[PDB]
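Visitor: Quick one, upload.txt (compact mmCIF, C-alpha atoms):
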```
# COMPACT_ATOMS: atom_id res chain seq x y z
CA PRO X 1 27.15 -32.19 -34.42
CA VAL X 2 30.53 -32.22 -36.20
CA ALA X 3 29.41 -34.99 -38.57
CA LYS X 4 27.00 -32.26 -39.77
CA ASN X 5 29.21 -29.13 -39.33
CA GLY X 6 32.83 -30.29 -39.74
CA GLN X 7 35.66 -27.73 -39.67
CA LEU X 8 34.61 -24.62 -37.72
CA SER X 9 35.82 -21.12 -38.66
CA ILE X 10 35.09 -17.43 -37.81
CA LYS X 11 33.23 -15.01 -40.07
CA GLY X 12 33.55 -11.57 -38.43
CA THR X 13 32.35 -12.31 -34.98
CA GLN X 14 30.31 -15.29 -36.04
CA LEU X 15 31.27 -18.95 -35.62
CA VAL X 16 30.39 -20.76 -38.85
CA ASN X 17 30.46 -24.34 -40.03
CA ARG X 18 32.29 -25.78 -43.05
CA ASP X 19 29.31 -24.84 -45.33
CA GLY X 20 29.71 -21.23 -44.05
CA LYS X 21 26.44 -21.10 -42.14
CA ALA X 22 26.25 -19.61 -38.68
CA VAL X 23 26.20 -22.14 -35.90
CA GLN X 24 25.45 -21.77 -32.20
CA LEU X 25 27.04 -24.72 -30.23
CA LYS X 26 25.35 -25.70 -26.95
CA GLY X 27 26.64 -28.07 -24.26
CA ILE X 28 27.98 -28.68 -20.80
CA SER X 29 31.30 -28.79 -18.94
CA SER X 30 32.79 -31.39 -16.77
CA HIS X 31 33.61 -30.33 -13.30
CA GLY X 32 37.30 -30.73 -12.51
CA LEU X 33 38.48 -33.92 -14.26
CA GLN X 34 40.66 -34.89 -11.25
CA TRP X 35 37.51 -35.18 -9.13
CA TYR X 36 34.49 -35.83 -11.41
CA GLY X 37 36.27 -37.27 -14.48
CA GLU X 38 34.31 -40.44 -13.54
CA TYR X 39 31.33 -38.74 -15.32
CA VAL X 40 33.28 -38.25 -18.56
CA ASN X 41 33.31 -41.33 -20.76
CA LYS X 42 32.01 -42.46 -24.16
CA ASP X 43 28.76 -43.61 -22.58
CA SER X 44 27.82 -40.46 -20.74
CA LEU X 45 28.85 -38.28 -23.69
CA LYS X 46 26.81 -40.42 -26.05
CA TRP X 47 23.77 -40.08 -23.73
CA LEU X 48 24.35 -36.28 -23.59
CA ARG X 49 24.51 -36.19 -27.37
CA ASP X 50 21.38 -38.33 -27.83
CA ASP X 51 19.14 -37.40 -24.91
CA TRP X 52 20.24 -33.77 -24.30
CA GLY X 53 21.28 -32.88 -27.77
CA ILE X 54 24.64 -31.39 -26.81
CA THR X 55 26.73 -30.37 -29.74
CA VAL X 56 29.79 -29.57 -27.59
CA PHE X 57 31.46 -31.05 -24.56
CA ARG X 58 33.94 -29.33 -22.26
CA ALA X 59 36.77 -31.24 -20.56
CA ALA X 60 37.70 -28.97 -17.66
CA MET X 61 41.30 -30.04 -16.87
CA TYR X 62 42.24 -28.05 -13.79
CA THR X 63 45.91 -27.24 -13.56
CA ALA X 64 46.02 -26.49 -9.80
CA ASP X 65 44.02 -28.19 -6.99
CA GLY X 66 45.38 -31.73 -7.52
CA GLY X 67 44.93 -31.16 -11.27
CA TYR X 68 47.49 -31.57 -14.07
CA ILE X 69 50.34 -29.68 -12.40
CA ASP X 70 50.48 -32.05 -9.43
CA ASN X 71 49.14 -35.06 -11.26
CA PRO X 72 49.56 -34.97 -15.00
CA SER X 73 48.05 -38.41 -15.55
CA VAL X 74 44.66 -36.51 -15.79
CA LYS X 75 45.65 -35.70 -19.38
CA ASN X 76 44.58 -39.33 -20.12
CA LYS X 77 41.08 -38.27 -19.18
CA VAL X 78 41.19 -35.41 -21.67
CA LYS X 79 42.47 -37.86 -24.36
CA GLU X 80 39.65 -40.26 -23.41
CA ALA X 81 37.18 -37.40 -23.80
CA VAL X 82 38.58 -36.31 -27.23
CA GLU X 83 38.48 -39.93 -28.58
CA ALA X 84 34.86 -40.26 -27.34
CA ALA X 85 33.95 -37.02 -29.10
CA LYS X 86 35.53 -38.17 -32.35
CA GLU X 87 33.57 -41.36 -32.22
CA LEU X 88 30.35 -39.57 -31.35
CA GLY X 89 30.79 -36.63 -33.79
CA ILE X 90 30.55 -33.82 -31.14
CA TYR X 91 32.92 -30.81 -30.62
CA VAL X 92 35.22 -31.06 -27.64
CA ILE X 93 36.77 -28.18 -25.76
CA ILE X 94 40.25 -28.97 -24.30
CA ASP X 95 40.17 -26.49 -21.32
CA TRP X 96 43.46 -25.76 -19.53
CA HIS X 97 41.39 -24.85 -16.53
CA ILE X 98 43.48 -22.28 -14.55
CA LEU X 99 41.72 -20.82 -11.48
CA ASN X 100 43.66 -20.78 -8.19
CA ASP X 101 46.65 -20.22 -10.39
CA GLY X 102 45.15 -16.96 -11.60
CA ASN X 103 47.97 -15.71 -13.83
CA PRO X 104 48.37 -17.94 -16.82
CA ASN X 105 52.03 -17.11 -16.82
CA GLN X 106 52.34 -19.11 -13.61
CA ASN X 107 52.12 -22.46 -15.41
CA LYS X 108 53.12 -21.23 -18.86
CA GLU X 109 55.90 -23.80 -19.69
CA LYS X 110 53.61 -26.66 -18.70
CA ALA X 111 50.77 -25.14 -20.70
CA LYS X 112 52.87 -24.87 -23.84
CA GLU X 113 54.06 -28.44 -23.45
CA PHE X 114 50.48 -29.64 -22.81
CA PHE X 115 49.03 -27.78 -25.87
CA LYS X 116 51.96 -28.99 -27.99
CA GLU X 117 50.98 -32.51 -27.13
CA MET X 118 47.18 -31.99 -27.68
CA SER X 119 47.63 -30.10 -31.01
CA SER X 120 50.04 -32.78 -32.20
CA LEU X 121 47.57 -35.58 -31.54
CA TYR X 122 44.36 -33.85 -32.58
CA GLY X 123 45.46 -31.07 -34.95
CA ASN X 124 43.81 -32.55 -38.05
CA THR X 125 40.62 -33.40 -36.16
CA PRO X 126 37.72 -30.89 -36.67
CA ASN X 127 36.17 -31.82 -33.30
CA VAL X 128 38.77 -30.01 -31.30
CA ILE X 129 38.39 -26.52 -29.70
CA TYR X 130 41.34 -25.31 -27.48
CA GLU X 131 40.57 -23.19 -24.35
CA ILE X 132 44.00 -22.00 -23.24
CA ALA X 133 43.20 -20.30 -19.96
CA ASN X 134 39.89 -20.73 -18.35
CA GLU X 135 39.73 -17.74 -15.84
CA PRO X 136 42.64 -15.33 -15.49
CA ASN X 137 42.00 -13.56 -12.14
CA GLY X 138 43.94 -11.50 -9.60
CA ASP X 139 46.05 -8.54 -10.58
CA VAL X 140 46.10 -10.02 -14.12
CA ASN X 141 45.19 -7.95 -17.13
CA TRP X 142 44.97 -8.41 -20.88
CA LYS X 143 47.84 -6.30 -22.33
CA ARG X 144 50.27 -7.13 -19.53
CA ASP X 145 49.57 -10.75 -18.66
CA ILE X 146 47.08 -12.57 -20.83
CA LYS X 147 47.82 -11.47 -24.42
CA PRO X 148 51.42 -12.23 -24.21
CA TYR X 149 50.67 -15.71 -22.70
CA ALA X 150 48.13 -16.21 -25.55
CA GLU X 151 50.59 -15.37 -28.28
CA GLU X 152 53.04 -17.95 -26.98
CA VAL X 153 50.45 -20.73 -26.59
CA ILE X 154 48.86 -19.88 -29.91
CA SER X 155 52.23 -20.09 -31.79
CA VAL X 156 52.77 -23.55 -30.43
CA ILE X 157 49.27 -24.78 -31.37
CA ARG X 158 49.40 -23.30 -34.85
CA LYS X 159 52.60 -25.24 -35.69
CA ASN X 160 50.40 -28.36 -35.39
CA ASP X 161 46.83 -27.17 -36.01
CA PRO X 162 46.59 -24.26 -38.40
CA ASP X 163 42.86 -23.78 -38.23
CA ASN X 164 40.84 -25.05 -35.21
CA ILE X 165 39.27 -22.54 -32.89
CA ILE X 166 41.35 -21.20 -29.97
CA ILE X 167 39.36 -19.53 -27.12
CA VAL X 168 41.28 -17.12 -24.82
CA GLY X 169 40.12 -16.21 -21.25
CA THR X 170 39.94 -12.58 -20.24
CA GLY X 171 40.52 -10.63 -17.03
CA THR X 172 38.34 -10.80 -13.90
CA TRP X 173 37.37 -14.54 -14.34
CA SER X 174 36.80 -14.05 -18.05
CA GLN X 175 34.55 -10.97 -17.74
CA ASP X 176 36.79 -8.25 -19.20
CA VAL X 177 36.25 -9.00 -22.88
CA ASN X 178 36.32 -5.21 -23.51
CA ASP X 179 40.00 -5.05 -22.83
CA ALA X 180 40.74 -8.00 -25.18
CA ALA X 181 38.58 -6.27 -27.74
CA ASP X 182 40.78 -3.11 -27.49
CA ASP X 183 43.95 -5.13 -28.23
CA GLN X 184 42.93 -8.18 -30.19
CA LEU X 185 45.08 -11.11 -31.26
CA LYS X 186 45.83 -11.32 -34.99
CA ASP X 187 44.88 -15.02 -35.29
CA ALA X 188 41.98 -15.59 -37.71
CA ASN X 189 40.42 -18.31 -35.58
CA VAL X 190 40.49 -16.85 -32.11
CA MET X 191 37.59 -16.11 -29.81
CA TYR X 192 37.46 -14.55 -26.31
CA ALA X 193 35.77 -16.26 -23.38
CA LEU X 194 32.98 -14.78 -21.39
CA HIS X 195 31.72 -16.33 -18.18
CA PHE X 196 28.68 -15.43 -16.13
CA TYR X 197 26.52 -16.76 -13.32
CA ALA X 198 22.87 -15.93 -13.61
CA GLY X 199 22.72 -15.31 -9.86
CA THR X 200 25.44 -12.66 -9.94
CA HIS X 201 26.15 -10.92 -13.24
CA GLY X 202 23.58 -8.77 -14.97
CA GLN X 203 23.54 -5.99 -17.58
CA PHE X 204 27.06 -4.57 -16.98
CA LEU X 205 28.43 -7.86 -18.29
CA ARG X 206 26.19 -7.94 -21.37
CA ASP X 207 27.29 -4.37 -22.01
CA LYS X 208 30.87 -5.42 -22.00
CA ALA X 209 30.13 -8.23 -24.42
CA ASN X 210 28.21 -5.96 -26.79
CA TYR X 211 31.11 -3.55 -26.66
CA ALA X 212 33.61 -6.38 -27.56
CA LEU X 213 31.44 -7.54 -30.41
CA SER X 214 31.12 -3.98 -31.73
CA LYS X 215 34.95 -3.99 -32.03
CA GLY X 216 34.86 -7.29 -33.98
CA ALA X 217 36.06 -9.52 -31.14
CA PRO X 218 34.33 -12.95 -31.22
CA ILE X 219 32.81 -14.11 -27.94
CA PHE X 220 32.24 -17.74 -26.86
CA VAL X 221 30.57 -18.60 -23.52
CA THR X 222 32.77 -21.41 -22.29
CA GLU X 223 31.22 -21.45 -18.87
CA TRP X 224 28.05 -20.18 -17.32
CA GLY X 225 25.84 -21.29 -14.40
CA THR X 226 22.32 -21.00 -13.23
CA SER X 227 23.49 -20.40 -9.67
CA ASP X 228 25.25 -17.41 -8.15
CA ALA X 229 29.05 -17.30 -8.83
CA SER X 230 30.04 -19.57 -5.86
CA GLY X 231 28.22 -22.32 -7.84
CA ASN X 232 25.67 -22.63 -5.05
CA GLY X 233 22.89 -20.31 -3.67
CA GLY X 234 20.00 -21.87 -5.64
CA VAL X 235 18.98 -21.62 -9.30
CA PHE X 236 18.04 -18.27 -10.90
CA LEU X 237 15.81 -19.33 -13.73
CA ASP X 238 14.41 -15.89 -14.72
CA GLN X 239 17.91 -14.38 -14.98
CA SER X 240 19.19 -17.56 -16.76
CA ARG X 241 16.40 -17.14 -19.34
CA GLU X 242 17.30 -13.50 -19.76
CA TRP X 243 20.95 -14.36 -20.34
CA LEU X 244 20.13 -17.19 -22.87
CA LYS X 245 17.81 -14.87 -24.74
CA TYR X 246 20.72 -12.38 -24.85
CA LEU X 247 23.15 -15.09 -26.20
CA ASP X 248 20.52 -16.23 -28.77
CA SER X 249 20.22 -12.57 -29.89
CA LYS X 250 23.94 -12.47 -30.78
CA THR X 251 24.09 -16.22 -31.86
CA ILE X 252 26.80 -16.86 -29.17
CA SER X 253 27.76 -20.50 -28.33
CA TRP X 254 27.50 -21.57 -24.75
CA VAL X 255 28.61 -24.28 -22.28
CA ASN X 256 26.85 -24.70 -18.80
CA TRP X 257 28.73 -25.52 -15.59
CA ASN X 258 28.74 -28.33 -14.62
CA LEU X 259 28.09 -32.05 -15.15
CA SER X 260 28.62 -33.70 -11.73
CA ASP X 261 26.87 -34.83 -8.56
CA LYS X 262 28.72 -32.24 -6.44
CA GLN X 263 26.12 -31.14 -3.87
CA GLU X 264 25.75 -27.46 -4.94
CA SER X 265 23.10 -25.71 -7.02
CA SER X 266 25.07 -25.63 -10.27
CA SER X 267 25.70 -29.41 -10.59
CA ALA X 268 23.45 -31.00 -13.24
CA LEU X 269 22.97 -34.46 -11.51
CA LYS X 270 21.71 -35.67 -8.11
CA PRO X 271 23.96 -37.92 -6.06
CA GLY X 272 23.72 -41.54 -7.21
CA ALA X 273 23.15 -40.67 -10.87
CA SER X 274 24.89 -43.06 -13.22
CA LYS X 275 28.39 -42.30 -14.39
CA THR X 276 27.41 -43.66 -17.82
CA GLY X 277 24.24 -41.61 -18.49
CA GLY X 278 20.67 -42.70 -19.08
CA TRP X 279 19.35 -40.17 -16.50
CA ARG X 280 15.65 -39.71 -16.02
CA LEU X 281 14.41 -36.27 -15.19
CA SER X 282 14.07 -37.30 -11.53
CA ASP X 283 17.86 -38.07 -11.61
CA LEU X 284 18.70 -34.43 -12.71
CA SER X 285 18.87 -31.30 -10.43
CA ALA X 286 16.72 -28.23 -10.94
CA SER X 287 19.72 -26.79 -12.85
CA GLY X 288 20.24 -29.93 -15.00
CA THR X 289 16.55 -30.05 -15.99
CA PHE X 290 16.64 -26.42 -17.07
CA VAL X 291 19.88 -26.72 -18.89
CA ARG X 292 18.91 -29.88 -20.85
CA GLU X 293 15.65 -28.13 -21.87
CA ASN X 294 17.57 -25.21 -23.26
CA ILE X 295 20.20 -27.30 -25.04
CA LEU X 296 17.26 -29.17 -26.71
CA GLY X 297 15.22 -25.98 -27.49
```
Spell out the structure here as structure tokens.
Guide:
Amino acid sequence: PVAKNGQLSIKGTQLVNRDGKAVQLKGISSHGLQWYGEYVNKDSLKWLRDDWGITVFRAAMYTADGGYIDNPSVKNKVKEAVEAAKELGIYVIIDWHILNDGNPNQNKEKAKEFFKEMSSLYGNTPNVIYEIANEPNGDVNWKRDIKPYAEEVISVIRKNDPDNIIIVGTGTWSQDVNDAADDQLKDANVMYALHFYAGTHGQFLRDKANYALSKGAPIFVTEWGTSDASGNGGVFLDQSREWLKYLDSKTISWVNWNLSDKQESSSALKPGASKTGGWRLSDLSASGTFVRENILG
């Protein structure tokens, strides 16, 4: 809804629009663009905007696993997704989707080059949200590994884009927002990622988030699923409601994982569902049906 909200900014912990009103963005993430980028096009995004009401779309560009590092032509899919979002007036998250490569320092030079290119192209576009490191994991912690990565990537972005929102992943697959909160970045327009799976993470993770907010650290849910953390194991609707009620209570934006026909509980679509949208309810999974309901409201 950027044609409505325009330039985003941060008031305290609260994401606000260009009028200065609080906004809660809701949407869905691609699966890895090198495998399911076939579902990410102007058509499908327009159908998501119109039929699901998404106000944000996430372009999950894996670095490892046949992603950008081995095949950088996938960056054309991210550009495709950003141009679709500009046409359609929705926010787009450019997600440098580290995972197997758990320390963001591992692909740091390529990250900085990639974000220099994206910020250069899209830096004066209000649609764009940068996610610089999906899920730091392994022996990887905030003060030692992630913050100093973040500073370097943020300096390069800010040369081209002084004001769009940058979201920074946190330790333990973006759970340890408490540690970021203890040693925050100075950037005015920075938020910290939190990720949960309704089948796995309960109150300890909410506690961490409330603690981070209490320190003034903004939180954005760039990825959450209705399944357990493997992305499979069925759909946990009661826990997913509990979690969404918690995010509503703090007005926290969220993006569900994932838009694809991957045969696991967390995929939104059944196999055979159109790459260009127009899905009926009977074309959506249990998870997709629930998610679309909650994006609509």
Visitor: List as a tab-separated table every residue of region 152-240 of chain X that is in contact with region 275-291 of chain X, defined as an atom at most 10 Å from one of its atoms (using only C-alpha atoms), together with the nearest atom pair and the distance in Å rounded to one decimal, sorted by chain and then rising number.
Guide:
```
residue	atom	partner	partner_atom	distance
X:225	CA	X:287	CA	8.4
X:226	CA	X:287	CA	6.4
X:227	CA	X:287	CA	8.1
X:234	CA	X:287	CA	8.7
X:235	CA	X:287	CA	6.3
X:236	CA	X:287	CA	8.9
X:237	CA	X:290	CA	7.9
X:240	CA	X:290	CA	9.2
```
Visitor: What separation in Å, quoted to one decimal, exists between CA of residue 293 (chain X) and CA of residue 205 (chain X)?
Guide: 24.2 Å
Visitor: Considering all atoms listed in the file, return as a VMD selection string whatever protein or nucleic-acid residues lie within 10 Å of region 18-23 of chain X, sequence-local ones (same chain, fewer than 3 positions apart) excluded.
Guide: chain X and resid 2 4 to 11 14 to 15 26 126 251 to 253
Visitor: Between CA of residue 260 (chain X) and CA of residue 45 (chain X), what is the spacing in Å?
Guide: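 According to the coordinates, CA of residue 45 (chain X) and CA of residue 260 (chain X) are separated by 12.8 Å.
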Visitor: Taking (47.4, -3.9, -24.1) in the coordinates of the supplied file, I want to know which residues reach to within 10 Å of it, counting all atoms listed in the file; could you give the answer as a ChimeraX atom specification?
Guide: /X:141-148,179-184
Visitor: How about saving the chosen residues, C-alpha atoms kept, as a short mmCIF file (atom, residue, chain, number, x, y, z; two decimals), in the coordinates of the input?
Guide:
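The result, written out as part_35.cif:
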```cif
data_model
loop_
_atom_site.label_atom_id
_atom_site.label_comp_id
_atom_site.auth_asym_id
_atom_site.auth_seq_id
_atom_site.Cartn_x
_atom_site.Cartn_y
_atom_site.Cartn_z
CA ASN X 141 45.19 -7.95 -17.13
CA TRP X 142 44.97 -8.41 -20.88
CA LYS X 143 47.84 -6.30 -22.33
CA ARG X 144 50.27 -7.13 -19.53
CA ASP X 145 49.57 -10.75 -18.66
CA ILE X 146 47.08 -12.57 -20.83
CA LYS X 147 47.82 -11.47 -24.42
CA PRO X 148 51.42 -12.23 -24.21
CA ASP X 179 40.00 -5.05 -22.83
CA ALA X 180 40.74 -8.00 -25.18
CA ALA X 181 38.58 -6.27 -27.74
CA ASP X 182 40.78 -3.11 -27.49
CA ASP X 183 43.95 -5.13 -28.23
CA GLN X 184 42.93 -8.18 -30.19
#
```
Visitor: As a list in words, please: the residues near residue 116 (chain X) (cut-off 10 Å, all atoms listed in the file, same-chain neighbours under 2 positions excluded).
Guide: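 Once the adjacent positions are removed, what remains is residues 110, 111, 112, 113, 114, 118, 119, 120, 121, 123, 153, 154, 155, 156, 157, 158, 159, 160 and 161 of chain X.
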Visitor: Using only C-alpha atoms, can you tell me which of X:186, X:75, X:201, X:86 comes closest to residue 239 (chain X)?
Guide: X:201
Visitor: Using all atoms listed in the file, which residue out of X:212, X:191, X:99, X:258 lies closest to residue 59 (chain X)?
Guide: X:258
Visitor: Give me the residues of region 220-263 of chain X that have any atom at most 12 Å from an atom of region 131-135 of chain X; for each, the nearest atom pair and the distance in Å, rounded to one decimal. Use all atoms listed in the file, sort by chain and number, and format it as a Markdown table.
Guide:
```
| residue | atom | partner | partner_atom | distance |
| --- | --- | --- | --- | --- |
| X:220 | CA | X:131 | CA | 10.3 |
| X:221 | CA | X:134 | CA | 10.9 |
| X:222 | CA | X:134 | CA | 8.2 |
| X:223 | CA | X:134 | CA | 8.7 |
| X:224 | CA | X:134 | CA | 11.9 |
```
Visitor: So, with all atoms listed in the file as the atoms that count, which of X:104, X:250, X:17, X:109 lies closest to residue 165 (chain X)?
Guide: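 When distances to residue 165 (chain X) are compared using all atoms listed in the file, the smallest one comes from X:17.
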Visitor: I'd like the interatomic distance between CA of residue 149 (chain X) and CA of residue 37 (chain X), to a tenth of an Å.
Guide: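 One can read the CA of residue 149 (chain X) to CA of residue 37 (chain X) distance as 27.2 Å.
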Visitor: Using all atoms listed in the file, find the one residue out of X:274, X:249, X:267, X:294 that sits nearest to residue 32 (chain X).
Guide: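 Of X:274, X:249, X:267, X:294, the one nearest residue 32 (chain X) is X:267, counting all atoms listed in the file.
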Visitor: Which region 139-204 of chain X residues have any atom within 12 Å of an atom of region 92-98 of chain X, and for each, what is the nearest pair of atoms with distance in Å to one decimal, counting all atoms listed in the file, rows sorted by chain and number, as JSON lines?
Guide:
```
{"residue": "X:153", "atom": "CA", "partner": "X:96", "partner_atom": "CA", "distance": 11.1}
{"residue": "X:164", "atom": "CA", "partner": "X:93", "partner_atom": "CA", "distance": 10.8}
{"residue": "X:165", "atom": "CA", "partner": "X:93", "partner_atom": "CA", "distance": 9.4}
{"residue": "X:166", "atom": "CA", "partner": "X:93", "partner_atom": "CA", "distance": 9.3}
{"residue": "X:167", "atom": "CA", "partner": "X:95", "partner_atom": "CA", "distance": 9.1}
{"residue": "X:168", "atom": "CA", "partner": "X:95", "partner_atom": "CA", "distance": 10.1}
{"residue": "X:169", "atom": "CA", "partner": "X:98", "partner_atom": "CA", "distance": 9.6}
{"residue": "X:170", "atom": "CA", "partner": "X:98", "partner_atom": "CA", "distance": 11.8}
{"residue": "X:173", "atom": "CA", "partner": "X:98", "partner_atom": "CA", "distance": 9.9}
{"residue": "X:174", "atom": "CA", "partner": "X:98", "partner_atom": "CA", "distance": 11.2}
{"residue": "X:193", "atom": "CA", "partner": "X:95", "partner_atom": "CA", "distance": 11.3}
```
Visitor: X:54, X:16, X:198, X:69: which is nearest residue 242 (chain X), counting all atoms listed in the file?
Guide: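 The shortest atom-to-atom distance to residue 242 (chain X) comes from X:198.
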Visitor: Could you check the closest approach to residue 124 (chain X) for each of X:162, X:272, X:67, X:27 and tell me which residue wins, using only C-alpha atoms?
Guide: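 Among the listed residues, the smallest separation from residue 124 (chain X) belongs to X:162.
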